[PDB]
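Coordinate-derived values only; no laboratory data. Because the Cβ atoms are built from the backbone with ideal geometry, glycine has one as well, and the counts that use them run over all protein chains shown.
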Amino acid sequence: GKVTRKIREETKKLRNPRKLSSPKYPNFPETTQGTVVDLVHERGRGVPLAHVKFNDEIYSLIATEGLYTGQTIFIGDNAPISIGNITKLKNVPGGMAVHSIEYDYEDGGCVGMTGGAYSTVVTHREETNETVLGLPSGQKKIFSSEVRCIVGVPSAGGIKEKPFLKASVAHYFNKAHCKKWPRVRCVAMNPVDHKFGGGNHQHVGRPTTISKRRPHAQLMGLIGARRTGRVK
Amino acid sequence: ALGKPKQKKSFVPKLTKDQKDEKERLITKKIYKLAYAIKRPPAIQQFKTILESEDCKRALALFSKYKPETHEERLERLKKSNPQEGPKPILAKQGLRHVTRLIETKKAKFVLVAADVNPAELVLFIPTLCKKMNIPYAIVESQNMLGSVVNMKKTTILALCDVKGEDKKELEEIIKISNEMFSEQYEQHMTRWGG
RNA sequence: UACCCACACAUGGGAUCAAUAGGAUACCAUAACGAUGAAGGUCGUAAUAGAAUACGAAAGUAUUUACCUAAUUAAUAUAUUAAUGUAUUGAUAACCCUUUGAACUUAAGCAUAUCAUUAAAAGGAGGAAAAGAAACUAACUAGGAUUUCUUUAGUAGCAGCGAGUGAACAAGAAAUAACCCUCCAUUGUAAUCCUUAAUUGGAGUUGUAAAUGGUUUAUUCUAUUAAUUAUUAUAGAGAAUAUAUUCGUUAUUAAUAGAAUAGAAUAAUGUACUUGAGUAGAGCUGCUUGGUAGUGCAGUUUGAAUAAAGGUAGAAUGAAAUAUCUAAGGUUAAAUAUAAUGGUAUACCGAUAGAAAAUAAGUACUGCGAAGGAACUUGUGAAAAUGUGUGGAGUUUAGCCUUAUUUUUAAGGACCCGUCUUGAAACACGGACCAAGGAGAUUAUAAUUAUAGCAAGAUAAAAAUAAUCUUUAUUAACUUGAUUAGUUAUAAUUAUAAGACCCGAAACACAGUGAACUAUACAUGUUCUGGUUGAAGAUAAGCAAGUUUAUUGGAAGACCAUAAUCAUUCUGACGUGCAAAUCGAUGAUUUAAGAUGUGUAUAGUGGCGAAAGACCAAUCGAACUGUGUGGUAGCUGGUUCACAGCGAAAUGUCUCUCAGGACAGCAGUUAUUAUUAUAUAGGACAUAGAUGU
RNA sequence: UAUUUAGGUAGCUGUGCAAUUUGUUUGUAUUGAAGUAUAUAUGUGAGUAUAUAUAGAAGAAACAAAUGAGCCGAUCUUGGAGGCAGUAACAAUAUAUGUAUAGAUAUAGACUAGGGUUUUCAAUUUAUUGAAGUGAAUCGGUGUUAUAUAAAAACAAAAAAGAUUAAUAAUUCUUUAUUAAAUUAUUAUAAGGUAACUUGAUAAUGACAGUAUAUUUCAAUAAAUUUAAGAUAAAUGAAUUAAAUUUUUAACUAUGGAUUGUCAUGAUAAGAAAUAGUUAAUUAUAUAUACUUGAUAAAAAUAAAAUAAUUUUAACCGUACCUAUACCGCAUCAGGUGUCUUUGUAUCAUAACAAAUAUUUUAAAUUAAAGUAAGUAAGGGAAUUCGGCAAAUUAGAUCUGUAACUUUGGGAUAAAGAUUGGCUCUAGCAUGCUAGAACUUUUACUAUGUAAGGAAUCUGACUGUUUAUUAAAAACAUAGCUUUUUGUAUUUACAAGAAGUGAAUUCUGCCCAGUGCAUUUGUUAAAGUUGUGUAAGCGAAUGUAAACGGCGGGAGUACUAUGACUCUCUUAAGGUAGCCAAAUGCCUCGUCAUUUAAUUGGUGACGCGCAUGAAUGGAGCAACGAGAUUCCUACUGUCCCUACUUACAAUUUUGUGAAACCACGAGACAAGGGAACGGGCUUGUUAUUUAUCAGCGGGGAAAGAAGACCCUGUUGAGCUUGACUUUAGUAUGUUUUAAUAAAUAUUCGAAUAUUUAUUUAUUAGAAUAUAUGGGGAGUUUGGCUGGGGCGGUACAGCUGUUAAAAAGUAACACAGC
Ligand SMILES: [Mg+2]
Ligand SMILES: [Mg+2]
Ligand SMILES: [Mg+2]
Ligand SMILES: [Mg+2]
Ligand SMILES: [Mg+2]
Ligand SMILES: [Mg+2]
Ligand SMILES: [Mg+2]
Ligand SMILES: [Mg+2]
Ligand SMILES: [Mg+2]
Ligand SMILES: [Mg+2]
Ligand SMILES: [Mg+2]
Ligand SMILES: [Mg+2]
Ligand SMILES: [Mg+2]
Ligand SMILES: [Mg+2]
Ligand SMILES: [Mg+2]
Ligand SMILES: [Mg+2]
Ligand SMILES: [Mg+2]
Ligand SMILES: [Mg+2]
Ligand SMILES: [Mg+2]
Ligand SMILES: [Mg+2]
Ligand SMILES: [Mg+2]
Ligand SMILES: [Mg+2]
Ligand SMILES: [Mg+2]
Ligand SMILES: [Mg+2]
Ligand SMILES: [Mg+2]
Ligand SMILES: [Mg+2]
Ligand SMILES: [Mg+2]
Ligand SMILES: [Mg+2]
Ligand SMILES: [Mg+2]
Ligand SMILES: [Mg+2]
Ligand SMILES: [Mg+2]
Ligand SMILES: [Mg+2]
Ligand SMILES: [Mg+2]
Ligand SMILES: [Mg+2]
Ligand SMILES: [Mg+2]
Ligand SMILES: [Mg+2]
Ligand SMILES: [Mg+2]
Ligand SMILES: [Mg+2]
Ligand SMILES: [Mg+2]
Ligand SMILES: [Mg+2]
Ligand SMILES: [Mg+2]
Ligand SMILES: [Mg+2]
Ligand SMILES: [Mg+2]
Ligand SMILES: [Mg+2]
Ligand SMILES: [Mg+2]
Ligand SMILES: [Mg+2]
Ligand SMILES: [Mg+2]
Ligand SMILES: [Mg+2]
Ligand SMILES: [Mg+2]
Ligand SMILES: [Mg+2]
Ligand SMILES: [Mg+2]
Ligand SMILES: [Mg+2]
Ligand SMILES: [Mg+2]
Ligand SMILES: [Mg+2]
Ligand SMILES: [Mg+2]
Ligand SMILES: [Mg+2]
Ligand SMILES: [Mg+2]
Ligand SMILES: [Mg+2]
Ligand SMILES: [Mg+2]
Ligand SMILES: [Mg+2]
Ligand SMILES: [Mg+2]
Ligand SMILES: [Mg+2]
Ligand SMILES: [Mg+2]
Ligand SMILES: [Mg+2]
Ligand SMILES: [Mg+2]
Ligand SMILES: [Mg+2]
Ligand SMILES: [Mg+2]
Ligand SMILES: [Mg+2]
Ligand SMILES: [Mg+2]
Ligand SMILES: [Mg+2]
Ligand SMILES: [Mg+2]
Ligand SMILES: [Mg+2]
Ligand SMILES: [Mg+2]
């Protein structure tokens, strides 16, 4: 046969990988004050970024919900908690919304980068100095304290309301996000290109649930499912 | 081939004359924290006694009485008709491969050993060999100090065969302070595990 | 007038015969490149210059040497004080030493095996290279470093024990040669070593030690230049001119360079007790060899003794006697193998032959590229195919055989050759016509027949002036044992292996070139004109929380045309075409998921794809160029002179056998011998019998 | 002394002729060798010898030797030359005197890619030879970069006229300018305005989408005037052509204190109108507003300034010519190839015609047939045909009028009617547009351009794309719906990978026995230790069908008939909601109705459905379609049944001048036998213009291509998998792993194992064993046979008959083991 589509797409990512910003905030020993300068828009991502200014140095950050040009925010380990400020994790009471959490201390940020997605805090445990967070995916993860984070819900709202009612709307989405579009179903192909292909009618003939035990080039279909079907 | 990009070649800078000396400092610093924390064998632990800084000066002031001839003196010594005129002169030997012949034939009377040598295996057997032939021995710090007598750069070992009559009493003063540091406590030096 | 025949004279073409500043094979000598700038390329120089050929601004006849090119104001390293000095880099197409490493093919299939310790590919040196002074061979009355030839030997042995593959000692020769470091080298003295005009500056005791004179004379050998040679002859090898002369041959000298031997003279002579460790060997694992249960090598784990010691002795382990040697550091001549370059010879070819090339030939010309690659000598003037003149027949019959002076007619006979085939003139295949070329030859090993030399023995083995066969005497072995005249050569036939009588596949592996056509992503530019319809938003006038009427406004993957683009129908035209996909009418299409120039990225078990197995230079269900390669074919086609003697089978058995093989039968050739005529017979008669149509 | 023997395919043996070279012996030739062409003799035959003509330098015989040693064929190799045949196929403007007067066809001109002397002139006849010709401080390259080799169209110091040459000209010459660098002469270091700002008095940028509307800058039209030109038998308030001269708004400042604008949306107590003033007005590739987006629309080199003057100061390379008869397709090829400019009439345009510019020389004709195009047709109107294939009808613009259905937007320009010229006026205001009226005629969008209409069924939602060269579609895509994996992403779950169906509306039933997938507690290798013990995986349990898939049969029971109801084999469950002789129904041209004079067609109903059925999706049509099918109206040479006219090829002449094919073809037939369909063989019947010309398609089983269909070969290749043998990747053991101290467990003071802490190590791997493993790699997949396949084994043994009185003998023949 020939090399299929999945392996040929990953080696096309090594010839020209996709490029993004990775915005991080600095670290400062005591509480300082900074000003918001302007709001911009990037090519790949939907959430707008913000340029703040600490000690006559301009950095880049993800914009929170209510933010206007010229406003003042504070950064430090013991800043007061309000909209757009960045404090330590232990100060916030249970029930609020944070949107950039570093895994360890003195890191930029790891969790909650996209627009419209936020996390919640559920508790504090004074023994061993740990707090449990509620991830946007729905899983409870235990975080160590003394990491610092930003208070508020991120901007850009709910983008998934109105559909791509035309085909032309989805053309410019996948082109900016560097994905392959359109896609051909694997049953329509000839049996050289794909395992499911060929035949006299369009059907599969093999079970579509494939274990994870098998090697890398044999993985296709619903890989390693614990369940299949509508629940009710 | 196979749709993979061409291989990429990185660059390196050549090290500057400050950068070479800087990196060699962090190599010798790491070793000095290493060798102390582990336990070293007893045969190396005996090489820590330097006897003093001050008591070295009495022995080197003895050996400078007996220096060998220079190169230019050696040719003028052969310009004379008879090369051997008078008695045999008393000298000081300075070689490692020659001194262990003298101790094995029991000719020597006083041996000085430099503990400065790297690699260290060359002089590990010296204090035990003098013990079997009843020779007094001593340890000085640097091999540059022994080369200062024989007008050489570095010298590992140094020993005398005999001395003159006038410095006889000056020699017996040295051996008493040398023996109470090493040979009277030799059986303790084998047992001490450095840790 | 046309058609046919006979004769004579002229066109067309380059066959035959004769020549030759060209090739092919074998042997001998040489075995000389490059940072002091190589091999190769591009551009220029002639008084009147294009091809070829020679040469660099000193340029078409002992120095110079334009510009690229390892191409270098560099790179990887060492020494001295960022600068200076030293060494390496590129070319090869034969022989040599390492690394990596296939498949076609044979087994009548194929998978272990064979082709093969091969081809392709990479690294490293010299005129030769590699090897080389026993941790050997043997069982004798014992031999003695390496290399090469003969022989042992197609043997012992290895292997689906099938096809097939395959060594050594002893014996006869060519050529000969042995040595040096590693300790404590006379410690009455580093006595050594590099560099500088200079103990000048260093190195070195963690150990360095290194005697020196090229003057002269004589002899021999090799290579290159220059000179003299009778017309009798140390010269009859051969060329050139015309129908008796020269160059040379033969035989002698000189000059330059190189090598070897000998003599004379000049320089020079102390002391020296070293023996090889992460090695040898074990356990697991993979390759290699004839090596069989290591013959040799390597990865991982583990890892000794020091001459009171260690290794080896053709089934395995353990033990014992008897022999015989001492590993793990270094150098080495001769006998041997083969190109580029120059010579000498020959039972080789003689212009469709010999090299692709008798050389304006690796040239003209082709391909995007890797690459592919011809014709033409000088005299004589054959056949095929035509022209002119003279003579002759008839219009109902080409050519051939027999018999006839009615021979440009008459009577009889007579379908076109080669080939497979039970059977061909066949409506079975090949062949329009002439010339030249064109297919069972060579080698190794066996056997039979004819001939020659010697014969209980036979012989040109390598070399220089021994072995083998008769005859391994049998057997697995022990126990035992006389006997069919041979051996060396010359010639013909047959069998097996070599490209193997000649030409012919679809395929497989190794090493390389292409995105100028066409596909996708990224960056940067350019992209004619007119109409139709009427969503949000906004304003007024009426009726009375709102609700009718009229304007303004100009959204949409909305509607329609020109220029530009595509390809539904006529199954129109054309169909040795205008054209290896075109032309005409009719149709579909419009601000976008469009069209298009240039630049960068993607390569053949790989890429790109709104998916038809479509496209990747007129080629795609695995592109193109060179090599292994004269790949294998139980299958089609062809196979060259006369006469004479003799003359078949299409049947039985076995076979992964049914389009093929082997054994038996039928045939031919040669040979020896007579009561095996006191004998035989696809017969008859007399006698004795078998049988179940 | 053959009175005896003599044919012969495959095949075996003997005696002889031809060619090239080698050793020895004998001999020929310039009064003429070898070769070649005609005769004669001789030999049974391969062959030999001599004679005559031509030519000009070497060749023959005997005894022995070495082989590249004798052609009719191979769709044999190379060269030369025939028939068909002067045949097919192409080219062919007028003048009695001319460097002119006319006719005819074609839009034309500049930069780049490609070509390389084709440019110009002279001499000799789209040729040959020989000279001459390309001039740069301001026109291109050389410079910067596109997130470790990139731009002659992106960015960047600066010029234009007017003339000269046989050919160069933003380059030569004249006139007026501009940039940069080096040397000279001179010098302000600040004033003024309340403010916006003015004058020598630094620190700025290169630099960035698309569409719509409003400005009418230029330019162009139109008018007037002034010089000039060309024509008409005549006539005309003075026609036609050429050149030039002319035809207030936006920001900001000071007073002011509440209104005001645009074609549209508005602006203002963060100060409107009205005044006074300071800056500018970007030249159509511009300015100001508005609109569409899960698309917001590149990089880097690059900076200073006042006035006058000077210069053997500004380097290197290309500058001719062609835009299709000077490129690519083997060519002087009806094909293909980036960008720009181009005059006049043309009441929406389009189409068409004319300007401008470039090329071009001489056969015949009222007459063939059959062709390739263009026209017309009395009466009938689809009767032709698989089918209205081809042609015909309709059409622009103004006014009335507009249905069923619906996803409420559409359907719709639905359908159906009426009007249209020319001239003379009247009436509106926006001044070149629109209504009405009178007069008149062989009646008016129609030269060119320009929708036939209606009623139903199947299938796809729509715009879109695809087999370059026989398939444009019902195939692919798409939004919409659903399932699954990942919390250690250069990117961070509204994100990143993997799959199925296919807009909206309405629905999505039952089964986990089989195969897969996930989760959790009997069998099984090696290495190590005195000895012993310990792996994953397989097996078992529990979930899962918008995972692969599946969804029965028989008997009685209420005048006949049927079975609501009952009984019964088993299984994982026994096809529910729906739908149909449908693109899915063999019997089959099913049964009934309707459409027609007549129907295997179409539509509506029926269902024990060979073999319908639910995201392998079921049911359904509003809008859309060069998709497939049937019927009405109009229309017509498709037909009844054909007829007439013109052009181009053809028939006739001159010039250039081929190919396929060819065993022999010299006249053709009836029957016979034959390899079972003769041009030739055997018996019969027969043609003939002095040797022709133009047609036609009965035959030569006519020509193209070593048949693609079928079979054989111990010949191949692409593809799949529960075929045979293995392998990359990956999972799990054992051994190697820095030291130290302590705790705990298991075995007997000791040996193992587990776990914690510190820093003194920490490049991150190596050697073996078991399992998984069509993601890959090699190769195989018998024979006989009334063709092969399916069926049987007549493929090994035994008995009786076939089998014909010794022995021997066939059939997918008989009866059996
Ligand atoms: Mg398909
Ligand atoms: Mg596959
Ligand atoms: Mg489907
Ligand atoms: Mg071969
Ligand atoms: Mg085989
Ligand atoms: Mg074979
Ligand atoms: Mg085979
Ligand atoms: Mg091998
Ligand atoms: Mg040699
Ligand atoms: Mg050597
Ligand atoms: Mg071998
Ligand atoms: Mg020494
Ligand atoms: Mg002479
Ligand atoms: Mg030894
Ligand atoms: Mg010849
Ligand atoms: Mg030749
Ligand atoms: Mg006859
Ligand atoms: Mg036959
Ligand atoms: Mg026939
Ligand atoms: Mg035939
Ligand atoms: Mg033929
Ligand atoms: Mg011949
Ligand atoms: Mg071949
Ligand atoms: Mg390859
Ligand atoms: Mg549209
Ligand atoms: Mg056609
Ligand atoms: Mg390549
Ligand atoms: Mg297909
Ligand atoms: Mg192609
Ligand atoms: Mg006979
Ligand atoms: Mg045959
Ligand atoms: Mg036989
Ligand atoms: Mg009888
Ligand atoms: Mg005969
Ligand atoms: Mg021959
Ligand atoms: Mg011939
Ligand atoms: Mg023949
Ligand atoms: Mg020919
Ligand atoms: Mg013509
Ligand atoms: Mg010319
Ligand atoms: Mg010009
Ligand atoms: Mg000019
Ligand atoms: Mg020019
Ligand atoms: Mg020009
Ligand atoms: Mg062009
Ligand atoms: Mg053309
Ligand atoms: Mg006519
Ligand atoms: Mg009519
Ligand atoms: Mg009529
Ligand atoms: Mg009909
Ligand atoms: Mg009919
Ligand atoms: Mg039609
Ligand atoms: Mg009117
Ligand atoms: Mg569609
Ligand atoms: Mg097509
Ligand atoms: Mg279409
Ligand atoms: Mg088509
Ligand atoms: Mg589809
Ligand atoms: Mg749906
Ligand atoms: Mg299950
Ligand atoms: Mg369920
Ligand atoms: Mg039902
Ligand atoms: Mg239906
Ligand atoms: Mg009917
Ligand atoms: Mg004509
Ligand atoms: Mg007949
Ligand atoms: Mg018949
Ligand atoms: Mg005719
Ligand atoms: Mg055939
Ligand atoms: Mg067979
Ligand atoms: Mg195969
Ligand atoms: Mg396979
Ligand atoms: Mg068969």
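Tell me the Kirkwood hydrodynamic radius of the range A:113-221 in angstroms, computed as one over the mean inverse distance between distinct C-alpha pairs. List each step's numbers first, then the result.
Working: mean 1/r = 0.0512 Å⁻¹.
One over the average 1/r among Cα pairs gives 19.5 Å for the range A:113-221.
Only helical DSSP H runs with n ≥ 4 go in: add -39500 (n - 2.57) per run for chain B, normalise by residue count and round the 222 nm mean residue ellipticity to 500 deg cm²/dmol. It would help to have the intermediate numbers written out before the result.
On the way: 9 runs with 79 residues, N = 195.
Helix contribution divided over all residues of chain B: -11500 deg cm²/dmol.
Per residue, how big is the convex hull of chain B when only Cα atoms are used? Give it in Å³. Could the numbers behind the result be given before it?
On the way: hull volume 51.6 nm³, N = 195.
Normalising the Cα hull of chain B by residue number yields 265 Å³.
Using Cα atoms only, what is the angle between the long axis of helix B:17-37 and the major principal axis of chain B, expressed in degrees (0 to 90) to the nearest 10?
Once rounded, one gets 70 degrees.
Just checking the output field for A:145-157: average partner chain Cβ neighbours within 10 Å of each residue's Cβ? Spell out each step's value before the answer.
Details: counts 0, 0, 0, 0, 0, 0, 0, 0, 0, 0, 0, 0, 0.
That average works out to 0.
Calculate the FRET efficiency for A:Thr128 and B:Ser64 from the Cβ-Cβ distance with a Förster distance of 56 Å, rounded to the nearest 0.05. Can you show the working numbers first?
Numbers: r = 73 Å, r/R0 = 1.30.
Efficiency, rounded to the nearest 0.05: 0.15.
If you take the beta carbon distance between A:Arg8 and A:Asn174 as r and set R0 to 22 Å, what does 1/(1 + (r/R0)^6) give as a FRET efficiency, to the nearest 0.05? Could you put the intermediate results ahead of the total?
Values: r = 17 Å, r/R0 = 0.79.
Step by step, r from the Cβ atoms, then E = 0.80.
With respect to the cross-link table entries A:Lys175/A:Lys212; B:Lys57/B:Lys109; A:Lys180/B:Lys4, which display a Cα-Cα separation exceeding 22 Å? Don't skip to the answer; put the middle values down first.
Working: A:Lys175/A:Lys212 31 Å; B:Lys57/B:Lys109 19 Å; A:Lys180/B:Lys4 19 Å.
Correct reply: A:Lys175/A:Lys212.
Give the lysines reachable from B:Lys39 as a straight Cα distance under 25 Å; neighbours fewer than 8 places away on the same chain don't count.
B:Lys29, B:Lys30, B:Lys48
Compute the projected area of the convex hull of the Cα atoms of the range A:1-132, averaged over all viewing directions, and report it in nm² to one decimal place. Walk me through the numbers on the way to the answer.
Values: hull surface 47.4 nm².
Taking a quarter of the hull surface, the average projection is 11.9 nm².
Compute the length gained on full extension between A:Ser21 and A:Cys110: take 0.36 nm times their separation in residues and subtract their Cα-Cα distance, giving the result in nm to one decimal. Let's see the in-between values first.
Working: separation 89, 0.36 × 89 = 32.04 nm, distance 1.34 nm.
Working it through step by step, the gained length comes to 30.7 nm.
Gain in length, A:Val184 to A:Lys162, computed as 0.36 nm per residue apart minus the alpha-carbon separation, to one decimal in nm?
Values: separation 22, 0.36 × 22 = 7.92 nm, distance 2.51 nm.
Roughly 5.4 nm would be gained on extension.
So what are the three principal axis dimensions of the range B:77-163 from its Cα atoms, in whole Å, longest to shortest?
So the extents along the principal axes, rounded to whole Å, are 47, 29, 19.
Connecting C-alpha atoms closer than 10 Å in a GNM of chain A, tell me which of A:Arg185, A:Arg45, A:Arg125 has the biggest fluctuation.
With Cα springs under 10 Å in chain A, the top fluctuation among A:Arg185, A:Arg45, A:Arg125 is at A:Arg185.
Give me the distance in nm between label points sitting 7 Å out from Cα along the Cα-to-Cβ direction at A:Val40 and B:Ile31, one decimal.
5.3
Using Cα springs under 10 Å in a Gaussian network model of chain A, which residue among A:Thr11, A:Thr64, A:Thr87 shows the largest mean-square fluctuation?
A:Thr11
Could you compute the FRET efficiency for B:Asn82 and B:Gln7, with r as their C-beta to C-beta distance and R0 at 56 Å, rounded to 0.05? List each step's numbers first, then the result.
Numbers: r = 80 Å, r/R0 = 1.43.
Computed FRET efficiency for B:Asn82 and B:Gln7: 0.10.
In degrees between 0 and 90, to the nearest 10, how far off the longest principal axis of chain B does helix B:168-179 point, with axes built from Cα atoms?
Long axis of B:168-179 versus the principal axis of chain B: about 40 degrees.
How would you classify the protein assembly as shown from its alpha-carbon gyration tensor, with a ≥ b ≥ c the square roots of the eigenvalues: rounded for a/c under 1.5, else prolate if a/b is greater than b/c, otherwise oblate?
Details: a/c = 3.42, a/b = 2.52, b/c = 1.35.
Prolate is the answer for the protein assembly as shown, as a/c is 1.5 or above and a/b outweighs b/c.
Relative contact order of the range B:1-139, please, whole-number percent, based on alpha carbon pairs below 8 angstrom and at least 6 residues apart.
Details: 45 pairs, mean separation 33.7, N = 139.
Worked out over the range B:1-139, it gives 24 percent.
Enumerate the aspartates and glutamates that B:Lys65 could reach by cross-link, defined here as Cα to Cα under 16 Å, with residues fewer than 8 away along the same chain left out.
Straight-line reach from B:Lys65, under 16 Å: B:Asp162, B:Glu166, B:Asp167, B:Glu170.
Between the alpha-carbon centers of the range B:120-181 and the range A:74-116, tell me the distance in whole angstrom.
After rounding, the separation between the Cα centres reads 73 Å.
Note down the nm distance, to one decimal, between modelled labels 7 Å out along Cα→Cβ at B:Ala43 and at A:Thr32.
Between B:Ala43 and A:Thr32, the label points sit 6.2 nm apart.
For the range A:82-223, what relative contact order do you get, as a whole percent, if you take Cα pairs closer than 8 Å and at least 6 residues apart?
Numbers: 207 pairs, mean separation 27.5, N = 142.
Here the relative contact order equals 19 percent.
Treat each spin label as a single point 7 Å out from the Cα along the C-beta direction, and report the B:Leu91 to A:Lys53 distance in nm.
8.7
For the range B:116-195, with only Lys/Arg (+1) and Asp/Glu (-1) charged at the beta-carbon, what is the dipole magnitude about the Cα centre, in debye rounded to 20? Each step should come with its number before you reach the end.
Working: 9 positive and 12 negative charges, 46 e Å.
Dipole about the Cα centre, nearest 20: 220 debye.
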